[PDB]
Amino acid sequence: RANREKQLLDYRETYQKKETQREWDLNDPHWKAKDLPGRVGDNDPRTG
Amino acid sequence: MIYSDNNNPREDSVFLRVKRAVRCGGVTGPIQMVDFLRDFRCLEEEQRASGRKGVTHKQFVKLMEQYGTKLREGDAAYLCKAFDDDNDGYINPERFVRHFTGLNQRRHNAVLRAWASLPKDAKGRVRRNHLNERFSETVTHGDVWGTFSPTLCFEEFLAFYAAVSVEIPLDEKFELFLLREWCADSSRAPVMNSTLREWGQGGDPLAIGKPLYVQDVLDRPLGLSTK
Amino acid sequence: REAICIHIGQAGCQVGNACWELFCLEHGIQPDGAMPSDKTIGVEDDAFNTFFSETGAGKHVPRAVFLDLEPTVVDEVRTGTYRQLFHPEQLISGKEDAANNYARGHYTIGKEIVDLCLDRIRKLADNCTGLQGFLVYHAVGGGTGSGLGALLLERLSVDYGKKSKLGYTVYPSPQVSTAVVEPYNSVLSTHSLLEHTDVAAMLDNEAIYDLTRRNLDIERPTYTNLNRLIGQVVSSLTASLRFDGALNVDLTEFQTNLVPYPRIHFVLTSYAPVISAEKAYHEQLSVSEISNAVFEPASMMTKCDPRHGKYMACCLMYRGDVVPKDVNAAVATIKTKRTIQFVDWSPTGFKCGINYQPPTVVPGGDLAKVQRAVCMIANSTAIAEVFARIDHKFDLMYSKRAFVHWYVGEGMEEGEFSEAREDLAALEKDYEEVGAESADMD
Amino acid sequence: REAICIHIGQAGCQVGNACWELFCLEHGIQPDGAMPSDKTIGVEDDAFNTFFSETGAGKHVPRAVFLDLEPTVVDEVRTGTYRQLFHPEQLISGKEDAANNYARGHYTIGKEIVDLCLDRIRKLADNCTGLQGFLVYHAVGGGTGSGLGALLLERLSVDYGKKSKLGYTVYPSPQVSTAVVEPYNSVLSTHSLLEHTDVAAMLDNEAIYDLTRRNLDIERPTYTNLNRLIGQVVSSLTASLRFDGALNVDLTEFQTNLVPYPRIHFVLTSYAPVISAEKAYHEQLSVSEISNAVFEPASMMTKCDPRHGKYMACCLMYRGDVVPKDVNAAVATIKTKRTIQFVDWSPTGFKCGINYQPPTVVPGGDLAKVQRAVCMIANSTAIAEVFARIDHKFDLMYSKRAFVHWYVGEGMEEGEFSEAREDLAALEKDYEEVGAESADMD
Amino acid sequence: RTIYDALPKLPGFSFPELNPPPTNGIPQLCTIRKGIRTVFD
Amino acid sequence: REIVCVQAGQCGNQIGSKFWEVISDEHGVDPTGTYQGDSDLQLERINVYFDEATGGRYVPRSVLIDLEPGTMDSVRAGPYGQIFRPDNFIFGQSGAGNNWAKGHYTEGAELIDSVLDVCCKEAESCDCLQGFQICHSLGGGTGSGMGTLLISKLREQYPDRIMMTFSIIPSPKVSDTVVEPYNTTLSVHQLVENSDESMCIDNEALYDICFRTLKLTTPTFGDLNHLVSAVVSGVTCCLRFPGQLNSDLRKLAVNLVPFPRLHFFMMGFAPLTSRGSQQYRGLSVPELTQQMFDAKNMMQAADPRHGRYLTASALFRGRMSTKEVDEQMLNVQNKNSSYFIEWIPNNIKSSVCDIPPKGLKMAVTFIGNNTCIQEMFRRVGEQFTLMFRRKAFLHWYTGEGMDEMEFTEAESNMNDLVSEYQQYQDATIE
Amino acid sequence: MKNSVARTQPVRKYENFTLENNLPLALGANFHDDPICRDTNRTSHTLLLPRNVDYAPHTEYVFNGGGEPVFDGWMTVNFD
Ligand SMILES: Nc1nc2c(ncn2[C@@H]2O[C@H](COP(=O)(O)OP(=O)(O)OP(=O)(O)O)[C@@H](O)[C@H]2O)c(=O)[nH]1
Ligand SMILES: Nc1nc2c(ncn2[C@@H]2O[C@H](COP(=O)(O)OP(=O)(O)OP(=O)(O)O)[C@@H](O)[C@H]2O)c(=O)[nH]1
Ligand SMILES: Nc1nc2c(ncn2[C@@H]2O[C@H](COP(=O)(O)OP(=O)(O)O)[C@@H](O)[C@H]2O)c(=O)[nH]1
Ligand SMILES: [Mg+2]
Ligand SMILES: [Mg+2]
């Protein structure tokens, strides 16, 4: 029984990492650091 | 099932699918698993020789595809992040080896006992030619001799016998199978009845020898009727 | 053995997508409808039968229908990942929505689609040998969920007989809101649903958002998280039919234990080990701790406080590695508390269930992996506050005839408002009188 | 066996860091609570159970809550070295402080935060099987410590009932001072603490500064030194529950032996071998020498002189290599002294305890290593002088209503100042009456 | 045959987890069909 | 002299599986049905519980009934499940829902004819039939309704045999079902008229046995059902092995029941002891007698100190002298004289059997008839009156079709039973 | 207890015991109660914890003590 719970802890530590979750792009800290503003300079391709 | 029950809590569904793919592909499955471990070791050795600190994600998924894993959308990145500890695009070898040859506690102890039974020499490593004739008539799974590269270490042993673990759904049957496979049962502390137990001072319920009847004690001639 | 699931409208179809993702991963059916390569006739493998049927070629297909009036969500299912899992006939779609009008769904648009739905359910029920109930998912806040859900439950209730109908329902949150006309649709839906449902389980999105903020560590949750929690609760309640256990519970047992009087069929639901992986390593998760968890109102999926009422019956479902002595000790400890009160006419307040299969873990999920869980559905007089708060908003709006011309134009008599409001007033009086102590009644 | 610790505010959390550092190092739990990768259990024995509980995987977590209204100190605990030891729910932090107002802590803000604290303490108390008391650390000079400590002790006293509550309290020093409004908060705190505490131990920083200058050789002491001394005292008093000994003393025995009348529960504390490493090798440290040391006022941790009053009861705890015959000879010699006086109605003035475990040495500590120590808590009429000086300063400020508008703005009636002042005046008269000789009254 | 099952059937001598079930499902070995009961294995 | 067993409902089928495991072990029957025993003494009375099949096989005289096959599919899949005859499984298509009226009137009458056909086929095959033995719970739905229906039909069809029941009854502290008082009251009303002798068990008492006596860290329902299988197989042991003082179910009934309504008994089994303690106490007849009368070892919540014993019976297994058995029973009657009804000169019957269960040197099973059982019925009647005044959950039962007069009659009859026990407890010679 | 299930009652030494050293239990000679003769002072709830056992079981228990001539005519006579 003791080794059973130790292996369950191993599973939790290795397969359920925080960045693995599908909704990481919304709950990520530093999400405004990795994004770009609306327009960059005067030749930004994104500004249609 | 195997990744949902309490008996094997370390198992994961997608990694189970990966192991199923590498085992059932194509030389039988356990041979393929030993070969997979060997290729992982040689790849990490080559990378360490080059000057980079480990196998990357791209060649890891390339190796998986080479062994024939029909991956899906997002599972490759799932495994790459699962085995990346420092989060720097690299795969940790010790975690992957521990998970790849994973087994239950009882099965792991059975494998350890069997391995401790066989003799070794030099740096803890066995040779095929010294022991192939001694255990020829008792090894039912003859693929062990094919696993020898006539040498073999503990990691390949554990990988081989973890490969065969899926065929025996009972833990006790697995233990007895391995013990009668390699004759690892201890004379002093056995677990099977069909073994030559040695005690030193005899069994304590030693009921043999004397059936201990009661008519052999009674004095029959006293019952004669005389005046 | 078999149960049929009916998914209605937007919330019901998206929750159905999460539920069938979970049921596939728990039984092991691949997204292309195939058993894994290691399963054969070598060992007895039939647990899926409660939710799946196999074709003569060995493909699996699920016992469900998805109903919608707008195409977008079902077209997303048709173009998504599970395209090959569902039979194309099962995904039924109309041309245009009920535009938040219960009257449009019930009278104008649902009457055209309803005969196809009854024909499909009949075609499923003919391919069964032990159907034992319907599970229904819908929201009462929207037009098609309310109108077509009521019309379809009425038709099912006429065609079938002596069969249980269990509803999981998303009610309008007490201050979070999505549409202006929510009170009218919720009142008219609850009026039709009152006569034709055996047990109704209530869910509120505002409560599950609070639970995902409080228990899990998600700052910006979205509906997929809520749908995964709902899928876990339904999987826990239906696990008793599919896996070995000490005390099984058939769906007919819920109605017998939870409903004291035929109108008093609205129940609260809660789930215990809602926990993140990082918290899971700071705590042991024994039977008594999760049993203590299911009684806190912070664990509930509906925004109501049971301290403002009295419990009449509780049904506790334990799944996983649990021993009966611990279940008995836990229930005996809860009974001692003074802030938990039962009506004096209900002395034997508890029903227990014990199943051996622990909950399954989904690859992108946020719940930790745990060896045991407990789920609760309970009947309490506190529910009168939920109806009272919907009725006050109805009275405020109807006092000025705020939107009635829409409902009257799409085919409904104005009288139906007064009938439904009088029925909800009588339901409020039932909840007031039932809670009166017998000693004062002499 | 088990005891739960509640840490409130700045002094209580900072003293908690030193306490948990000592309890971890004395039992042997690693600062992160984990174990080496090859062991199956981190320690061979259960003795830690009084202060730590282990999970089924063997991680240790401590039985404590940290309560604060400002985040900074708790955020320092969250980012420090013991991050992995505590469960994150136990570290509770609000948004803004009680701003040195008892009224702000008691009525406006602590009233909002108190229910989370009670829920966490309940979750700890449910995971216990022989709880025998609460230990509380706080300062009565500040706003949140005074107001929320009083409110929480009142709620605890209703919910848990007979269970004992022992307080370690930092009172305002007689001439060292940090804030102007200290008298109002200390008077209102003492008013609440009279009804709702079983024994209260009082500490003053000016005494610990004097002790660190004379005995230790520290020219520039800081709060970490005082907090390590307080942690040593708490470890000495609770050692009787955790290690083998000749005469054990359960936490319930203190209240029975030290309190003669229900209001007379304020006790003085002192510790004997507070000594530096350079002095420790110049002197032997026998039982009689440390017993003679504990009665000198240079050894006390509260600034009061017991020669100006009469003792009612003394409790002497000896730990380490001590033999009972020497303790008896020492106590008889102390009894012989003429500057030590007992009230004539208290003939049997002493309670003794003897434990075999010597005091632990902390890597960064300033105390020397010694084989034995003794700690005393005693009830004496000399304590009346501390209240008289606080009451005089309160009377000076209150004659002109110097700051009352803050307290009235934060929610308190002006009447509460006058009520508390007559209750403390009555406590002064109680200390005058209890000290009157029976032979004089005939 | 083995030390795990070489004990008499008396209360307190059973160790259930030593023989864990490889599966937890319910087979359909007991069916009604059209009213003709089958107890097929 | 062979007994036929009936197992009904989930509790009955689960306890039955463990009972047939214990009986198959004692007679050395392999789970394939082959005899593998080690003494002829095992074979010469195998007929008592087993019928003989033609080849190398044995078949058990048991009928399995349930309304949904889930439990039957679990037991048939179990390790000993193969021994059962396939034709002996009778099942419907929808559950009882834990409702007495549904289990008794709608699906009960639908299946009862097929169950009676199987019971008659099994009974008429016997060369001499002994009583029937039935296991079921009283708080459930199919157990209570179909068990009492079948008991009534067998009492009409076999009034000269013995009717014995083992029954599970609601704990005084925690309920397992919300509607237990109705099902329990109606079932006790049916049993007191139909039954000859009935034993009652509280799961709470078995939990106290497991925690206090055996100190098991993680007990499971297999342990509780093993304790029950031990006592049930023990009461009949003298029927199927030789001994110095034979006994029989009819002789037990004649010595235990003074008046026909007073047939409810408590049970106990003695050599229960924790794995750590066995080194501290050798087996002897005084030790067995002391455990036999300790209320810690009794499987009901009522305690003997509030009532009096009218009669009791002790069946001893093992090689022992009759003098210590007789003198122990005399000493216990003399030392505790206030707890024994004074107008009966000797309340205890003893019986001795030579062959103990394997692995124990000696064993005894205890059956007791004590008036303290009236407090349990009083508690159930109180909860029934609380529920009925408010018509609690009544629409389910009334919707199936029952007349309320049935409820008032059953309550009145049970209340008269508690009054009758109270009058005989305080009776005097005068 | 609710701690880990792998814990077992610890092992204590209690050296300098007169009865183990071929000496009488004389007055004023109870050295094994001297705290200097112990190896630890930590109190452990032995009344709840189980004991440690190591042995090789018996694997089996005994309960019993161990313990053509057809006629087709052609009658022939032999005097054996
Ligand atoms: N939990 C949950 N709630 C949802 C979901 N989708 C919508 N809701 C809620 O349900 C209500 C809206 O009901 P809808 O399902 O959009 O209404 P509808 O059935 O589409 O009706 P029509 O608009 O006429 O087509 C709002 O309270 C939403 O918050 C979902 O996926 N999960
Ligand atoms: N011995 C000791 N005294 C301290 C410590 N920290 C603060 N104090 C004293 O306690 C009093 C200040 O109380 P605080 O704890 O700062 O008050 P608070 O609980 O933060 O209340 P708020 O200011 O409203 O947040 C002063 O007399 C300080 O000298 C400490 O770590 N040790
Ligand atoms: N001792 C024991 N009690 C059981 C067992 N199975 C169920 N019970 C109890 O019996 C009651 C439930 O009755 P049940 O058998 O489900 O009734 P049914 O639905 O008519 O078959 C509850 O009090 C359960 O605790 C078992 O294997 N052993
Ligand atoms: Mg829509
Ligand atoms: Mg502060």
# chains A, B, ... in the order shown; residues from 1 in each chain; ligands from 1
call {"tool": "interface_residues", "arguments": {"of": "chain E", "to": "chain G", "cutoff": "7 Å", "atoms": "only C-alpha atoms", "output": "list in words"}}
result
residues 1, 2, 3 and 6 of chain E
call {"tool": "residues_near_ligand", "arguments": {"ligand": "ligand 3", "cutoff": "6 Å", "atoms": "only C-alpha atoms and all ligand atoms", "output": "NGL selection string"}}
result
:F and (9-11 or 14-15 or 98 or 137 or 139-143 or 176 or 203 or 221 or 224-225)
call {"tool": "residues_around", "arguments": {"residues": "residue B:126", "least_positions_apart": "6", "cutoff": "6 Å", "atoms": "only C-alpha atoms", "output": "MDAnalysis selection string"}}
result
chainID B and resid 120 151:152
call {"tool": "atom_distance", "arguments": {"atom1": "atom CA of residue C:388", "atom2": "atom CA of residue C:176"}}
result
16.7 Å
call {"tool": "atom_distance", "arguments": {"atom1": "atom 31 (O, counted along the ligand's line) of ligand 1", "atom2": "atom CA of residue C:30"}}
result
23.7 Å
call {"tool": "residues_near_ligand", "arguments": {"ligand": "ligand 1", "cutoff": "8 Å", "atoms": "only C-alpha atoms and all ligand atoms", "output": "JSON list (two decimals) with N, CA, C and O atoms, in the first residue's frame"}}
result
[["chain", "number", "residue", "atom", "x", "y", "z"],
["C", 8, "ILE", "N", -29.63, 18.40, -25.26],
["C", 8, "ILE", "CA", -30.45, 19.46, -25.90],
["C", 8, "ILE", "C", -29.69, 20.79, -25.87],
["C", 8, "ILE", "O", -29.03, 21.08, -24.85],
["C", 9, "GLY", "N", -29.78, 21.54, -26.96],
["C", 9, "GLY", "CA", -29.23, 22.90, -26.99],
["C", 9, "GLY", "C", -27.74, 23.04, -26.80],
["C", 9, "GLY", "O", -27.01, 22.04, -26.80],
["C", 10, "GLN", "N", -27.31, 24.27, -26.54],
["C", 10, "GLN", "CA", -25.87, 24.60, -26.60],
["C", 10, "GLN", "C", -25.11, 24.05, -25.40],
["C", 10, "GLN", "O", -24.11, 23.34, -25.59],
["C", 11, "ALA", "N", -25.58, 24.38, -24.20],
["C", 11, "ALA", "CA", -24.92, 23.85, -22.99],
["C", 11, "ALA", "C", -25.01, 22.32, -22.98],
["C", 11, "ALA", "O", -24.03, 21.66, -22.60],
["C", 12, "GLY", "N", -26.15, 21.78, -23.40],
["C", 12, "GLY", "CA", -26.31, 20.32, -23.31],
["C", 12, "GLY", "C", -25.43, 19.59, -24.29],
["C", 12, "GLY", "O", -24.85, 18.55, -23.94],
["C", 13, "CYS", "N", -25.27, 20.14, -25.49],
["C", 13, "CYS", "CA", -24.37, 19.48, -26.47],
["C", 13, "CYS", "C", -22.90, 19.64, -26.05],
["C", 13, "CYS", "O", -22.13, 18.68, -26.20],
["C", 14, "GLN", "N", -22.50, 20.81, -25.58],
["C", 14, "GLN", "CA", -21.07, 20.95, -25.19],
["C", 14, "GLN", "C", -20.76, 20.07, -23.97],
["C", 14, "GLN", "O", -19.70, 19.41, -23.94],
["C", 15, "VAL", "N", -21.67, 20.02, -23.00],
["C", 15, "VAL", "CA", -21.47, 19.08, -21.87],
["C", 15, "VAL", "C", -21.51, 17.64, -22.38],
["C", 15, "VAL", "O", -20.77, 16.79, -21.85],
["C", 68, "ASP", "N", -30.25, 20.10, -31.59],
["C", 68, "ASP", "CA", -30.05, 21.56, -31.61],
["C", 68, "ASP", "C", -30.88, 22.16, -32.75],
["C", 68, "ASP", "O", -31.16, 21.46, -33.74],
["C", 69, "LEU", "N", -31.24, 23.43, -32.59],
["C", 69, "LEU", "CA", -32.00, 24.16, -33.64],
["C", 69, "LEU", "C", -31.04, 24.97, -34.51],
["C", 69, "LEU", "O", -31.37, 25.20, -35.68],
["C", 70, "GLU", "N", -29.91, 25.40, -33.96],
["C", 70, "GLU", "CA", -28.85, 26.06, -34.76],
["C", 70, "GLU", "C", -27.81, 25.02, -35.18],
["C", 70, "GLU", "O", -27.53, 24.06, -34.42],
["C", 97, "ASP", "N", -32.42, 29.40, -34.74],
["C", 97, "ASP", "CA", -32.58, 29.24, -33.28],
["C", 97, "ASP", "C", -33.94, 29.71, -32.78],
["C", 97, "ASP", "O", -34.72, 30.31, -33.53],
["C", 98, "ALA", "N", -34.21, 29.42, -31.50],
["C", 98, "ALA", "CA", -35.45, 29.88, -30.84],
["C", 98, "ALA", "C", -35.28, 31.27, -30.23],
["C", 98, "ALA", "O", -36.18, 31.69, -29.49],
["C", 99, "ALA", "N", -34.16, 31.95, -30.50],
["C", 99, "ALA", "CA", -34.01, 33.40, -30.19],
["C", 99, "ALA", "C", -34.41, 33.74, -28.76],
["C", 99, "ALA", "O", -35.07, 34.78, -28.55],
["C", 100, "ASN", "N", -34.01, 32.91, -27.81],
["C", 100, "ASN", "CA", -34.34, 33.09, -26.37],
["C", 100, "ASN", "C", -35.85, 33.11, -26.11],
["C", 100, "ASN", "O", -36.26, 33.55, -25.03],
["C", 101, "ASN", "N", -36.67, 32.63, -27.04],
["C", 101, "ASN", "CA", -38.12, 32.57, -26.79],
["C", 101, "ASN", "C", -38.52, 31.12, -26.52],
["C", 101, "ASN", "O", -38.33, 30.27, -27.41],
["C", 102, "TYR", "N", -39.03, 30.86, -25.32],
["C", 102, "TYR", "CA", -39.63, 29.54, -25.03],
["C", 102, "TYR", "C", -40.81, 29.28, -25.97],
["C", 102, "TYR", "O", -41.00, 28.14, -26.42],
["C", 105, "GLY", "N", -39.66, 28.05, -29.50],
["C", 105, "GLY", "CA", -39.25, 26.64, -29.47],
["C", 105, "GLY", "C", -40.43, 25.70, -29.30],
["C", 105, "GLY", "O", -40.53, 24.71, -30.04],
["C", 138, "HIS", "N", -29.90, 19.86, -20.46],
["C", 138, "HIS", "CA", -30.42, 21.05, -21.15],
["C", 138, "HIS", "C", -30.28, 22.25, -20.23],
["C", 138, "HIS", "O", -30.01, 22.07, -19.01],
["C", 139, "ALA", "N", -30.40, 23.44, -20.82],
["C", 139, "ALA", "CA", -30.46, 24.66, -20.00],
["C", 139, "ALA", "C", -31.88, 25.22, -20.10],
["C", 139, "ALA", "O", -32.47, 25.23, -21.21],
["C", 140, "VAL", "N", -32.41, 25.68, -18.97],
["C", 140, "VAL", "CA", -33.79, 26.23, -18.97],
["C", 140, "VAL", "C", -33.77, 27.73, -19.25],
["C", 140, "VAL", "O", -34.85, 28.34, -19.32],
["C", 141, "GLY", "N", -32.59, 28.31, -19.40],
["C", 141, "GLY", "CA", -32.50, 29.75, -19.65],
["C", 141, "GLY", "C", -32.71, 30.13, -21.10],
["C", 141, "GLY", "O", -33.14, 31.27, -21.37],
["C", 142, "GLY", "N", -32.41, 29.22, -22.02],
["C", 142, "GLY", "CA", -32.54, 29.52, -23.45],
["C", 142, "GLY", "C", -33.84, 29.02, -24.06],
["C", 142, "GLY", "O", -34.57, 28.23, -23.44],
["C", 143, "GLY", "N", -34.09, 29.46, -25.29],
["C", 143, "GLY", "CA", -35.40, 29.20, -25.91],
["C", 143, "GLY", "C", -35.58, 27.76, -26.34],
["C", 143, "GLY", "O", -36.59, 27.14, -25.99],
["C", 144, "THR", "N", -34.61, 27.23, -27.07],
["C", 144, "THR", "CA", -34.74, 25.84, -27.57],
["C", 144, "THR", "C", -34.58, 24.82, -26.43],
["C", 144, "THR", "O", -35.34, 23.86, -26.39],
["C", 145, "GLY", "N", -33.66, 25.06, -25.51],
["C", 145, "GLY", "CA", -33.52, 24.14, -24.37],
["C", 145, "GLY", "C", -34.79, 24.02, -23.56],
["C", 145, "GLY", "O", -35.31, 22.91, -23.40],
["C", 146, "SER", "N", -35.40, 25.15, -23.24],
["C", 146, "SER", "CA", -36.67, 25.12, -22.48],
["C", 146, "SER", "C", -37.81, 24.55, -23.32],
["C", 146, "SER", "O", -38.42, 23.55, -22.90],
["C", 170, "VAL", "N", -29.10, 23.40, -15.90],
["C", 170, "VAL", "CA", -28.36, 24.66, -15.63],
["C", 170, "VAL", "C", -29.40, 25.77, -15.48],
["C", 170, "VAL", "O", -30.02, 26.17, -16.49],
["C", 171, "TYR", "N", -29.55, 26.26, -14.26],
["C", 171, "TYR", "CA", -30.52, 27.33, -13.93],
["C", 171, "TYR", "C", -29.87, 28.71, -14.01],
["C", 171, "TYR", "O", -28.63, 28.83, -13.92],
["C", 172, "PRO", "N", -30.67, 29.79, -14.16],
["C", 172, "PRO", "CA", -30.11, 31.13, -14.21],
["C", 172, "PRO", "C", -29.48, 31.54, -12.87],
["C", 172, "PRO", "O", -30.13, 31.49, -11.84],
["C", 173, "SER", "N", -28.22, 31.97, -12.95],
["C", 173, "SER", "CA", -27.47, 32.36, -11.73],
["C", 173, "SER", "C", -28.13, 33.56, -11.05],
["C", 173, "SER", "O", -28.78, 34.37, -11.72],
["C", 177, "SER", "N", -25.74, 36.92, -15.21],
["C", 177, "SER", "CA", -26.85, 36.73, -16.17],
["C", 177, "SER", "C", -26.35, 36.88, -17.60],
["C", 177, "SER", "O", -25.34, 37.59, -17.82],
["C", 178, "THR", "N", -27.07, 36.26, -18.52],
["C", 178, "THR", "CA", -26.65, 36.26, -19.94],
["C", 178, "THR", "C", -27.72, 36.91, -20.83],
["C", 178, "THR", "O", -27.36, 37.47, -21.87],
["C", 179, "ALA", "N", -28.99, 36.84, -20.43],
["C", 179, "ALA", "CA", -30.07, 37.43, -21.25],
["C", 179, "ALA", "C", -31.09, 38.12, -20.36],
["C", 179, "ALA", "O", -31.21, 37.79, -19.16],
["C", 203, "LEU", "N", -27.78, 22.81, -11.32],
["C", 203, "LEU", "CA", -26.39, 23.29, -11.46],
["C", 203, "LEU", "C", -26.47, 24.80, -11.71],
["C", 203, "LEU", "O", -27.44, 25.28, -12.33],
["C", 204, "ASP", "N", -25.48, 25.52, -11.21],
["C", 204, "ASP", "CA", -25.41, 26.96, -11.51],
["C", 204, "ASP", "C", -23.98, 27.29, -11.93],
["C", 204, "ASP", "O", -23.04, 26.90, -11.22],
["C", 205, "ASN", "N", -23.83, 27.99, -13.04],
["C", 205, "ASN", "CA", -22.47, 28.30, -13.53],
["C", 205, "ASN", "C", -21.71, 29.20, -12.55],
["C", 205, "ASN", "O", -20.48, 29.08, -12.46],
["C", 223, "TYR", "N", -15.93, 27.54, -20.04],
["C", 223, "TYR", "CA", -16.96, 26.47, -20.02],
["C", 223, "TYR", "C", -16.40, 25.05, -20.12],
["C", 223, "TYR", "O", -17.03, 24.13, -19.59],
["C", 224, "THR", "N", -15.28, 24.85, -20.80],
["C", 224, "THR", "CA", -14.68, 23.50, -20.87],
["C", 224, "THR", "C", -14.33, 22.95, -19.48],
["C", 224, "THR", "O", -14.51, 21.74, -19.24],
["C", 226, "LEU", "N", -15.91, 23.78, -16.66],
["C", 226, "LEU", "CA", -17.21, 23.50, -16.02],
["C", 226, "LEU", "C", -17.75, 22.18, -16.55],
["C", 226, "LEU", "O", -18.28, 21.36, -15.77],
["C", 227, "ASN", "N", -17.63, 21.99, -17.86],
["C", 227, "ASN", "CA", -18.15, 20.77, -18.50],
["C", 227, "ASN", "C", -17.38, 19.53, -18.04],
["C", 227, "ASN", "O", -17.99, 18.46, -17.91]]
call {"tool": "residues_around", "arguments": {"residues": "residue F:47", "least_positions_apart": "4", "cutoff": "10 Å", "atoms": "only C-alpha atoms", "output": "number ranges by chain"}}
result
F: 1-3, 43, 51-52, 58-61, 126, 240
call {"tool": "write_last_selection", "arguments": {"atoms": "N, CA, C and O atoms", "output": "CSV table (one decimal), in the first residue's frame"}}
result
chain,number,residue,atom,x,y,z
F,1,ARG,N,-30.5,-36.3,6.0
F,1,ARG,CA,-31.2,-35.1,6.5
F,1,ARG,C,-30.6,-33.9,5.9
F,1,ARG,O,-29.7,-33.3,6.5
F,2,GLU,N,-31.2,-33.5,4.8
F,2,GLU,CA,-30.6,-32.4,3.9
F,2,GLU,C,-31.4,-31.1,4.0
F,2,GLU,O,-32.7,-31.2,4.0
F,3,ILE,N,-30.7,-30.0,4.0
F,3,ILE,CA,-31.3,-28.7,4.0
F,3,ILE,C,-31.3,-28.0,2.6
F,3,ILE,O,-30.3,-28.3,1.9
F,43,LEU,N,-16.9,-37.4,3.4
F,43,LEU,CA,-17.9,-37.9,2.3
F,43,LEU,C,-19.2,-38.5,2.8
F,43,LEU,O,-20.2,-38.2,2.2
F,51,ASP,N,-26.2,-32.1,-3.5
F,51,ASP,CA,-26.9,-33.2,-4.2
F,51,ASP,C,-25.8,-33.8,-5.1
F,51,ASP,O,-24.8,-33.2,-5.4
F,52,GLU,N,-26.0,-35.1,-5.4
F,52,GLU,CA,-25.0,-35.9,-6.2
F,52,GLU,C,-25.3,-35.8,-7.6
F,52,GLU,O,-26.4,-36.2,-8.1
F,58,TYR,N,-20.4,-32.4,-8.0
F,58,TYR,CA,-21.5,-32.2,-6.9
F,58,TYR,C,-22.2,-30.9,-7.2
F,58,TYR,O,-21.5,-29.9,-7.6
F,59,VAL,N,-23.4,-30.8,-6.8
F,59,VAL,CA,-24.2,-29.6,-7.1
F,59,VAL,C,-24.9,-29.2,-5.8
F,59,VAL,O,-25.3,-30.0,-5.0
F,60,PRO,N,-25.0,-27.9,-5.6
F,60,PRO,CA,-25.5,-27.4,-4.3
F,60,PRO,C,-27.0,-27.1,-4.3
F,60,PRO,O,-27.5,-26.5,-5.2
F,61,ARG,N,-27.6,-27.5,-3.2
F,61,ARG,CA,-29.1,-27.4,-3.1
F,61,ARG,C,-29.5,-26.0,-2.8
F,61,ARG,O,-30.0,-25.7,-1.7
F,126,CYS,N,-35.5,-34.8,-2.7
F,126,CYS,CA,-34.9,-35.2,-1.5
F,126,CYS,C,-35.6,-36.5,-1.0
F,126,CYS,O,-36.8,-36.7,-1.1
F,240,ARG,N,-24.4,-33.0,10.8
F,240,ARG,CA,-23.6,-33.7,9.7
F,240,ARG,C,-22.3,-34.3,10.1
F,240,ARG,O,-21.5,-34.6,9.2
call {"tool": "atom_distance", "arguments": {"atom1": "atom CA of residue F:314", "atom2": "atom CA of residue F:246"}}
result
12.2 Å
